[PDB]
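> What follows is target36.txt, made up of compact mmCIF, N, CA and C atoms:
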```
# COMPACT_ATOMS: atom_id res chain seq x y z
N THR P 1157 41.62 76.64 6.07
CA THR P 1157 42.17 76.41 4.72
C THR P 1157 42.10 74.92 4.32
N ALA P 1158 42.86 74.50 3.30
CA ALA P 1158 42.90 73.13 2.78
C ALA P 1158 43.27 72.03 3.81
N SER P 1159 43.80 72.40 4.98
CA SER P 1159 44.01 71.49 6.12
C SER P 1159 42.72 70.85 6.66
N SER P 1160 41.54 71.32 6.26
CA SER P 1160 40.25 70.66 6.52
C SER P 1160 40.11 69.30 5.81
N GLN P 1161 40.79 69.11 4.67
CA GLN P 1161 40.83 67.87 3.86
C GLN P 1161 39.42 67.32 3.49
N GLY P 1162 39.29 66.01 3.27
CA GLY P 1162 38.07 65.38 2.76
C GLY P 1162 37.89 65.54 1.24
N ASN P 1163 36.65 65.40 0.77
CA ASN P 1163 36.28 65.54 -0.64
C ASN P 1163 36.53 66.97 -1.17
N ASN P 1164 37.14 67.10 -2.35
CA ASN P 1164 37.33 68.38 -3.04
C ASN P 1164 36.04 68.88 -3.71
N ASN P 1165 35.34 67.98 -4.42
CA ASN P 1165 33.96 68.14 -4.88
C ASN P 1165 33.02 67.36 -3.94
N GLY P 1166 32.27 66.37 -4.44
CA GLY P 1166 31.46 65.47 -3.60
C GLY P 1166 30.03 65.94 -3.30
N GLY P 1167 29.43 66.75 -4.18
CA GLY P 1167 27.99 67.04 -4.13
C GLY P 1167 27.14 65.78 -4.34
N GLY P 1168 25.88 65.81 -3.90
CA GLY P 1168 25.00 64.65 -3.98
C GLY P 1168 23.78 64.71 -3.05
N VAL P 1169 23.33 63.53 -2.62
CA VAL P 1169 22.04 63.27 -1.95
C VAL P 1169 22.25 62.96 -0.47
N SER P 1170 21.39 63.50 0.39
CA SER P 1170 21.32 63.22 1.83
C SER P 1170 19.94 62.68 2.23
N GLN P 1171 19.88 61.76 3.20
CA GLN P 1171 18.66 61.06 3.65
C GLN P 1171 18.58 60.95 5.18
N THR P 1172 17.40 61.16 5.76
CA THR P 1172 17.18 61.03 7.22
C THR P 1172 17.34 59.58 7.72
N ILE P 1173 17.60 59.38 9.02
CA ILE P 1173 17.75 58.03 9.61
C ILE P 1173 16.47 57.18 9.47
N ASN P 1174 16.63 55.85 9.45
CA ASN P 1174 15.52 54.89 9.46
C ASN P 1174 14.67 55.00 10.74
N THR P 1175 13.39 54.62 10.66
CA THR P 1175 12.41 54.77 11.75
C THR P 1175 11.40 53.62 11.80
N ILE P 1176 10.93 53.30 13.01
CA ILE P 1176 9.92 52.28 13.35
C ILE P 1176 9.03 52.79 14.49
N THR P 1177 7.90 52.14 14.78
CA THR P 1177 6.97 52.57 15.85
C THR P 1177 7.65 52.70 17.23
N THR P 1178 8.71 51.93 17.50
CA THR P 1178 9.52 52.03 18.73
C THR P 1178 10.43 53.27 18.78
N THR P 1179 10.78 53.88 17.65
CA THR P 1179 11.72 55.02 17.59
C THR P 1179 11.18 56.22 18.37
N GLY P 1180 11.98 56.73 19.31
CA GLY P 1180 11.60 57.82 20.21
C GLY P 1180 10.83 57.40 21.47
N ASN P 1181 10.55 56.10 21.67
CA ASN P 1181 10.06 55.59 22.96
C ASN P 1181 11.19 55.67 24.00
N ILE P 1182 10.98 56.46 25.05
CA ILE P 1182 11.91 56.66 26.17
C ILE P 1182 11.20 56.45 27.53
N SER P 1183 10.21 55.56 27.57
CA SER P 1183 9.34 55.33 28.74
C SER P 1183 10.07 54.94 30.03
N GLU P 1184 11.26 54.33 29.95
CA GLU P 1184 12.10 54.01 31.12
C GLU P 1184 12.88 55.23 31.66
N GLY P 1185 13.14 56.24 30.81
CA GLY P 1185 13.71 57.53 31.21
C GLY P 1185 12.67 58.56 31.68
N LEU P 1186 11.41 58.41 31.26
CA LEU P 1186 10.25 59.18 31.75
C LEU P 1186 9.70 58.62 33.08
N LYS P 1187 8.87 59.43 33.76
CA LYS P 1187 8.30 59.22 35.11
C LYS P 1187 9.34 59.01 36.22
N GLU P 1188 8.88 58.94 37.46
CA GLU P 1188 9.72 58.74 38.64
C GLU P 1188 9.04 57.92 39.74
N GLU P 1189 9.87 57.29 40.57
CA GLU P 1189 9.49 56.50 41.75
C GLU P 1189 10.62 56.41 42.81
N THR P 1190 11.79 57.02 42.59
CA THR P 1190 12.92 57.01 43.56
C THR P 1190 13.71 58.33 43.66
N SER P 1191 13.71 59.16 42.62
CA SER P 1191 14.68 60.27 42.43
C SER P 1191 14.04 61.45 41.65
N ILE P 1192 14.83 62.30 40.99
CA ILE P 1192 14.36 63.42 40.14
C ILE P 1192 14.46 63.06 38.64
N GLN P 1193 13.42 63.36 37.84
CA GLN P 1193 13.23 62.79 36.50
C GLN P 1193 14.41 62.99 35.53
N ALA P 1194 15.08 64.15 35.58
CA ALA P 1194 16.27 64.40 34.78
C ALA P 1194 17.41 63.40 35.09
N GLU P 1195 17.57 62.97 36.34
CA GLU P 1195 18.64 62.06 36.76
C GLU P 1195 18.40 60.62 36.28
N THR P 1196 17.16 60.12 36.32
CA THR P 1196 16.84 58.81 35.73
C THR P 1196 16.88 58.86 34.20
N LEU P 1197 16.48 59.97 33.56
CA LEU P 1197 16.72 60.15 32.12
C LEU P 1197 18.22 60.19 31.79
N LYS P 1198 19.05 60.81 32.64
CA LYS P 1198 20.52 60.81 32.50
C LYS P 1198 21.10 59.39 32.59
N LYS P 1199 20.66 58.56 33.55
CA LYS P 1199 21.00 57.13 33.61
C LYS P 1199 20.56 56.37 32.35
N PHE P 1200 19.34 56.62 31.87
CA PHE P 1200 18.80 56.00 30.65
C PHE P 1200 19.59 56.40 29.39
N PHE P 1201 20.04 57.65 29.29
CA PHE P 1201 20.89 58.14 28.21
C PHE P 1201 22.34 57.63 28.28
N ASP P 1202 22.94 57.48 29.46
CA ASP P 1202 24.37 57.12 29.59
C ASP P 1202 24.74 55.78 28.93
N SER P 1203 23.90 54.75 29.04
CA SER P 1203 24.11 53.47 28.35
C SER P 1203 23.80 53.52 26.84
N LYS P 1204 23.16 54.59 26.36
CA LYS P 1204 22.69 54.77 24.97
C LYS P 1204 23.48 55.85 24.19
N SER N 603 19.46 15.85 56.33
CA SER N 603 19.42 15.24 55.01
C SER N 603 18.66 16.11 54.00
N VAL N 604 19.17 17.32 53.77
CA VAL N 604 18.76 18.15 52.63
C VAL N 604 19.32 17.57 51.32
N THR N 605 18.57 17.57 50.20
CA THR N 605 19.08 16.94 48.96
C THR N 605 20.10 17.85 48.27
N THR N 606 21.24 17.28 47.89
CA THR N 606 22.36 17.97 47.23
C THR N 606 22.66 17.30 45.88
N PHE N 607 23.70 17.73 45.17
CA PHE N 607 23.97 17.32 43.76
C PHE N 607 24.31 15.83 43.75
N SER N 608 25.08 15.34 44.73
CA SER N 608 25.56 13.94 44.81
C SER N 608 24.38 12.96 45.02
N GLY N 609 23.20 13.47 45.39
CA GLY N 609 22.00 12.67 45.71
C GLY N 609 20.77 13.10 44.92
N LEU N 610 20.81 14.23 44.22
CA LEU N 610 19.66 14.68 43.40
C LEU N 610 19.39 13.61 42.33
N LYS N 611 18.11 13.26 42.18
CA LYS N 611 17.53 12.23 41.31
C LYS N 611 17.11 12.87 39.98
N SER N 612 17.70 12.45 38.86
CA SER N 612 17.26 12.90 37.53
C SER N 612 16.15 12.01 36.97
N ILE N 613 15.13 12.64 36.38
CA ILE N 613 14.14 11.99 35.50
C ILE N 613 14.15 12.64 34.12
N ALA N 614 15.31 13.19 33.74
CA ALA N 614 15.45 14.09 32.60
C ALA N 614 15.04 13.39 31.29
N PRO N 615 13.98 13.87 30.62
CA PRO N 615 13.47 13.25 29.40
C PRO N 615 14.24 13.69 28.15
N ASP N 616 15.13 14.69 28.23
CA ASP N 616 15.59 15.37 26.99
C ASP N 616 16.98 14.90 26.57
N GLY N 617 17.36 13.67 26.92
CA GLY N 617 18.53 12.97 26.34
C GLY N 617 19.78 13.19 27.18
N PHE N 618 19.65 13.92 28.28
CA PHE N 618 20.73 14.13 29.26
C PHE N 618 20.51 13.31 30.54
N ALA N 619 21.55 12.63 31.02
CA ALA N 619 21.55 11.99 32.34
C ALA N 619 21.27 13.07 33.40
N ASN N 620 22.08 14.12 33.41
CA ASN N 620 22.07 15.20 34.44
C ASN N 620 20.76 15.99 34.31
N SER N 621 20.27 16.56 35.42
CA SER N 621 19.06 17.43 35.49
C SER N 621 19.35 18.75 36.23
N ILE N 622 20.58 19.29 36.06
CA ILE N 622 21.11 20.51 36.76
C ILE N 622 21.81 21.50 35.82
N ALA N 623 22.38 21.10 34.69
CA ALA N 623 23.14 22.01 33.80
C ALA N 623 22.29 22.38 32.58
N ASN N 624 21.96 23.65 32.39
CA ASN N 624 21.09 24.06 31.26
C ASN N 624 21.93 23.95 30.01
N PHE N 625 21.24 23.90 28.88
CA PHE N 625 21.79 23.74 27.52
C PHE N 625 20.90 24.55 26.60
N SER N 626 21.42 24.89 25.45
CA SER N 626 20.64 25.67 24.46
C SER N 626 21.23 25.35 23.09
N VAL N 627 20.42 25.44 22.04
CA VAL N 627 20.88 25.03 20.69
C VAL N 627 19.99 25.71 19.64
N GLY N 628 20.54 25.90 18.44
CA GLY N 628 19.84 26.38 17.23
C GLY N 628 19.15 27.73 17.39
N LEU N 629 19.91 28.75 17.72
CA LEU N 629 19.38 30.12 17.64
C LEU N 629 19.14 30.37 16.15
N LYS N 630 18.01 30.99 15.82
CA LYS N 630 17.61 31.34 14.43
C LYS N 630 16.71 32.56 14.50
N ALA N 631 16.92 33.51 13.60
CA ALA N 631 16.13 34.74 13.47
C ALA N 631 15.15 34.61 12.31
N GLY N 632 14.18 35.52 12.26
CA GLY N 632 13.22 35.56 11.14
C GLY N 632 12.37 36.81 11.15
N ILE N 633 12.12 37.35 9.95
CA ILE N 633 11.22 38.51 9.70
C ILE N 633 9.76 38.02 9.78
N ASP N 634 8.95 38.64 10.63
CA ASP N 634 7.49 38.42 10.67
C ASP N 634 6.99 38.73 9.27
N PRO N 635 6.19 37.87 8.62
CA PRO N 635 5.49 38.28 7.40
C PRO N 635 4.25 39.14 7.65
N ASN N 636 3.87 39.33 8.91
CA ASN N 636 2.57 39.97 9.24
C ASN N 636 2.78 41.46 9.08
N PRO N 637 2.02 42.13 8.20
CA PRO N 637 2.20 43.56 7.98
C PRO N 637 2.27 44.34 9.29
N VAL N 638 3.08 45.38 9.28
CA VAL N 638 3.21 46.39 10.37
C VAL N 638 2.63 47.69 9.81
N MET N 639 2.15 48.62 10.66
CA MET N 639 1.58 49.93 10.20
C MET N 639 2.60 50.69 9.34
N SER N 640 2.18 51.26 8.21
CA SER N 640 3.05 51.98 7.23
C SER N 640 3.88 53.06 7.93
N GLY N 641 5.12 53.27 7.47
CA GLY N 641 6.09 54.20 8.10
C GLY N 641 6.77 53.61 9.32
N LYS N 642 6.48 52.33 9.64
CA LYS N 642 7.22 51.47 10.61
C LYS N 642 7.90 50.36 9.82
N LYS N 643 9.04 49.84 10.28
CA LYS N 643 9.80 48.82 9.50
C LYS N 643 9.38 47.43 10.00
N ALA N 644 9.43 46.46 9.09
CA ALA N 644 9.15 45.03 9.30
C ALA N 644 9.74 44.55 10.64
N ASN N 645 8.98 43.74 11.38
CA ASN N 645 9.34 43.11 12.68
C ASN N 645 10.24 41.90 12.44
N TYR N 646 11.12 41.61 13.38
CA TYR N 646 11.92 40.37 13.33
C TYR N 646 12.13 39.91 14.76
N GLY N 647 12.17 38.59 14.92
CA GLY N 647 12.64 38.00 16.19
C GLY N 647 13.68 36.93 15.97
N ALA N 648 14.05 36.28 17.06
CA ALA N 648 14.74 34.99 17.02
C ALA N 648 14.16 34.08 18.10
N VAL N 649 14.49 32.79 17.97
CA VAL N 649 14.14 31.75 18.98
C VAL N 649 15.36 30.83 19.10
N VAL N 650 15.38 30.13 20.22
CA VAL N 650 16.48 29.20 20.61
C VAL N 650 15.87 28.20 21.59
N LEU N 651 16.29 26.95 21.50
CA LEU N 651 15.80 25.89 22.41
C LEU N 651 16.76 25.81 23.60
N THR X 702 15.55 25.70 10.25
CA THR X 702 15.19 26.58 9.12
C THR X 702 14.10 27.51 9.58
N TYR X 703 14.04 28.67 8.94
CA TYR X 703 12.92 29.59 9.11
C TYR X 703 12.34 29.79 7.74
N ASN X 704 11.02 29.88 7.64
CA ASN X 704 10.32 30.13 6.37
C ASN X 704 9.59 31.47 6.49
N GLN X 705 9.85 32.41 5.59
CA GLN X 705 9.33 33.79 5.76
C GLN X 705 7.83 33.84 5.43
N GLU X 706 7.32 32.94 4.59
CA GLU X 706 5.88 32.98 4.22
C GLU X 706 5.05 32.55 5.45
N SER X 707 5.42 31.41 6.07
CA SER X 707 4.67 30.84 7.22
C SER X 707 4.97 31.61 8.50
N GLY X 708 6.13 32.27 8.59
CA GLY X 708 6.55 32.94 9.84
C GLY X 708 6.82 31.93 10.97
N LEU X 709 7.35 30.76 10.58
CA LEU X 709 7.49 29.51 11.36
C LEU X 709 8.93 28.98 11.26
N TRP X 710 9.50 28.52 12.39
CA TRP X 710 10.84 27.88 12.52
C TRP X 710 10.69 26.34 12.58
N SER X 711 11.53 25.61 11.87
CA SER X 711 11.49 24.13 11.89
C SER X 711 12.77 23.63 12.54
N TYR X 712 12.68 22.87 13.63
CA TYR X 712 13.88 22.34 14.31
C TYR X 712 13.89 20.86 13.99
N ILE X 713 14.95 20.41 13.32
CA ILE X 713 15.15 19.00 12.87
C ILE X 713 16.11 18.31 13.83
N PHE X 714 15.66 17.21 14.45
CA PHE X 714 16.48 16.28 15.28
C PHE X 714 16.65 14.96 14.51
N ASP X 715 17.90 14.54 14.35
CA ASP X 715 18.31 13.29 13.67
C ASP X 715 18.99 12.36 14.69
N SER X 716 18.39 11.21 15.00
CA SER X 716 18.87 10.29 16.05
C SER X 716 20.11 9.51 15.59
N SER X 717 20.50 9.66 14.32
CA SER X 717 21.77 9.07 13.82
C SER X 717 22.96 9.81 14.46
N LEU X 718 22.72 10.96 15.07
CA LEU X 718 23.79 11.73 15.72
C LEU X 718 24.11 11.14 17.11
N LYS X 719 23.28 10.26 17.68
CA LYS X 719 23.53 9.70 19.04
C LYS X 719 24.88 9.00 18.97
N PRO X 720 25.68 8.92 20.05
CA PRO X 720 26.94 8.17 20.03
C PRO X 720 26.70 6.66 19.86
N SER X 721 27.75 5.91 19.50
CA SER X 721 27.66 4.45 19.27
C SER X 721 27.42 3.73 20.59
N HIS X 722 28.08 4.19 21.66
CA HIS X 722 28.14 3.56 23.01
C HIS X 722 27.91 4.59 24.13
N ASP X 723 26.98 4.27 25.04
CA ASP X 723 26.85 4.57 26.49
C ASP X 723 28.16 4.90 27.21
N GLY X 724 28.02 5.45 28.42
CA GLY X 724 29.09 5.55 29.41
C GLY X 724 29.43 4.22 30.04
N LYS X 725 28.57 3.22 29.93
CA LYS X 725 28.88 1.83 30.35
C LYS X 725 29.29 0.97 29.14
N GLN X 726 29.49 1.59 27.97
CA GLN X 726 30.07 0.96 26.75
C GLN X 726 29.09 -0.04 26.16
N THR X 727 27.79 0.14 26.45
CA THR X 727 26.64 -0.64 25.90
C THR X 727 26.24 -0.04 24.54
N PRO X 728 26.32 -0.81 23.43
CA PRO X 728 25.78 -0.34 22.14
C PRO X 728 24.49 0.48 22.33
N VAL X 729 24.36 1.61 21.65
CA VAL X 729 23.16 2.49 21.75
C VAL X 729 22.27 2.07 20.61
N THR X 730 21.02 1.68 20.83
CA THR X 730 20.17 1.09 19.74
C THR X 730 18.94 1.93 19.38
N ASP X 731 18.70 3.10 20.00
CA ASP X 731 17.57 4.00 19.62
C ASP X 731 18.12 5.13 18.70
N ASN X 732 19.01 4.76 17.77
CA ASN X 732 19.79 5.71 16.93
C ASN X 732 19.17 5.79 15.53
N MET X 733 17.89 5.48 15.43
CA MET X 733 17.16 5.40 14.16
C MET X 733 16.03 6.43 14.22
N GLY X 734 15.93 7.32 13.26
CA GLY X 734 14.71 8.15 13.21
C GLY X 734 15.06 9.59 13.33
N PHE X 735 14.09 10.40 13.73
CA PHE X 735 14.22 11.86 13.69
C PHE X 735 12.90 12.43 14.18
N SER X 736 12.87 13.75 14.32
CA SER X 736 11.76 14.50 14.95
C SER X 736 11.87 15.95 14.50
N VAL X 737 10.73 16.62 14.34
CA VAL X 737 10.62 18.04 13.95
C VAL X 737 9.85 18.78 15.02
N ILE X 738 10.40 19.89 15.50
CA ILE X 738 9.71 20.83 16.42
C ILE X 738 9.53 22.11 15.59
N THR X 739 8.29 22.57 15.57
CA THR X 739 7.80 23.77 14.87
C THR X 739 7.59 24.86 15.91
N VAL X 740 8.27 26.00 15.75
CA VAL X 740 8.11 27.17 16.68
C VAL X 740 7.35 28.24 15.90
N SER X 741 6.37 28.83 16.57
CA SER X 741 5.55 29.97 16.08
C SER X 741 5.63 31.09 17.13
N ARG X 742 5.27 32.33 16.74
CA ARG X 742 5.18 33.50 17.65
C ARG X 742 3.80 33.50 18.32
N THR X 743 3.74 34.04 19.55
CA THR X 743 2.51 34.24 20.36
C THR X 743 2.60 35.61 21.01
N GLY X 744 1.48 36.32 21.06
CA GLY X 744 1.28 37.57 21.82
C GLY X 744 0.93 38.70 20.88
N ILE X 745 0.90 39.92 21.41
CA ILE X 745 0.73 41.17 20.65
C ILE X 745 2.11 41.71 20.26
N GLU X 746 2.40 41.67 18.97
CA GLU X 746 3.66 42.10 18.31
C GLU X 746 3.68 43.63 18.16
N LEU X 747 4.89 44.21 18.06
CA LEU X 747 5.16 45.67 17.95
C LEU X 747 4.63 46.20 16.60
N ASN X 748 3.78 47.22 16.66
CA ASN X 748 3.50 48.21 15.58
C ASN X 748 2.32 47.73 14.72
N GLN X 749 1.30 47.17 15.36
CA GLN X 749 0.06 46.68 14.69
C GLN X 749 -0.80 47.90 14.36
N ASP X 750 -0.94 48.79 15.36
CA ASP X 750 -1.77 50.02 15.32
C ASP X 750 -1.26 50.95 16.43
N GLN X 751 -1.78 52.17 16.52
CA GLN X 751 -1.18 53.20 17.40
C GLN X 751 -0.83 52.58 18.77
N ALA X 752 -1.57 51.57 19.23
CA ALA X 752 -1.44 51.03 20.61
C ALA X 752 -0.13 50.25 20.80
```
Translate the structure of the given file into structure tokens.


Amino acid sequence: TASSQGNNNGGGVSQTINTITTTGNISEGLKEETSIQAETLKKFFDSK
Amino acid sequence: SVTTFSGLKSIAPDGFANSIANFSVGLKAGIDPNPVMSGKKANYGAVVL
Amino acid sequence: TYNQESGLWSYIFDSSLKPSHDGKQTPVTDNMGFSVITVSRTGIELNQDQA
């Protein structure tokens, strides 16, 4: 019910996030040399 | 007779007597004017002495 | 200063900023003049082409 609060009306415009050639580069979370790839990706995600 | 701080010899040209304590000054950023590939955003760096 | 057209940083040194006296309390006499250091970028910058 009305306990959700926020805007009563508030229709309008939505826009996707900004992007650059670096966006989606995860090369430090990809590949392996010590462990299993999901675990180094988990370390790479935890600080981010 | 290994050389230590009390005996280290400075020839420091950059206006400091001492030749052991680092210093830094005038950090400044700037947008590269050099075009980047379309759908990527303008590059920027900074430098500091 | 940075200038966006040149993509170049100008570092201004003014020798009027030197102190009046030494640690031995000797008048400092090279307190006249100034100097400019120009910094530019070097290397392959991000997002030139797919590479």

> Write out as CSV the residues of chain X that have any atom within 6 Å of an atom of chain N, one row each with the nearest atom pair and its distance in Å to one decimal, counting all atoms listed in the file, sorted by chain and then rising number.


```
residue,atom,partner,partner_atom,distance
X:705,C,N:635,CA,5.4
X:708,CA,N:635,N,5.1
X:748,C,N:639,N,4.2
X:749,C,N:639,N,4.8
X:750,N,N:639,N,5.6
```

> Could you go through chain P and tell me which residues DSSP, when run on the backbone, assigns to helix (DSSP H, G or I), listing them as JSON, numbers by chain?

{"P": [1158, 1159, 1160, 1193, 1194, 1195, 1196, 1197, 1198, 1199, 1200, 1201, 1202]}

> In Å, how far is it from atom CA of residue 730 of chain X to atom CA of residue 718 of chain X?

11.9 Å

> Show which residues sit within 8 Å of residue 732 of chain X, as a list in words. Count all atoms listed in the file, and ignore same-chain residues fewer than 4 positions away.

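After dropping sequence-adjacent residues, the list is residues 715, 716, 717, 718, 719 and 720 of chain X.
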
> Within 12 Å of chain X, which residues of chain P are there when counting only C-alpha atoms? Please give them as a ChimeraX atom specification.

/P:1175-1179
